[PDB]
């Protein structure tokens, strides 16, 4: 529930640092990825309790000014300076929270494009602590 991501969306397994397509994690649990602690605004290790397909749904490709890109359902939420917002409520030039290249801080990158990009099978992770995770180096909410 809450939206989903293209199967090739990459999540980072904390200990190995291996970037893995979310589709490959289906059925796995009890492993850590990166997530945002919104109180500290710092990245933290977060346990995933479930990884699953939600079926075939419409996807939108969102691209940022730094060149980060993700394909998500219209209802998937991203973090703006004014709170979490559905992809299909985001506007051109609106900024989203993204992890910095190094360290545990975030930066607010500008959206340069949102484009409908067809239907595919889509996937999600449940993160029972922080309810969000990093995918394709962008913070997304459950």
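Positions refer to the first chain, counted from 1.
Participant: Can you let me know which of the two, 80-88 or 103-111, has the higher average C-alpha B-factor in the entry?
Facilitator: In the deposited entry, the stretch with the higher C-alpha B-factor mean is 103-111.
Participant: Of the two stretches 128-136 and 115-123, which shows the higher Cα B-factor on average in the entry?
Facilitator: In the deposited entry, the stretch with the higher C-alpha B-factor mean is 128-136.
Participant: Which is it among 75, 54, 61, 29: the one with the largest CA B-factor in the entry?
Facilitator: Most elevated C-alpha B-factor of the set, per the entry: 29.
Participant: Report the third (lowest, middle or highest) to which the CA temperature factor of residue 95 belongs, ranking only the modelled residues of the same chain.
Facilitator: It falls in the bottom third of the chain.
Participant: Should residue 70 be placed in the lowest, middle or highest third of its chain by the C-alpha B factor in the entry?
Facilitator: Lowest third of the chain for residue 70's C-alpha B-factor.
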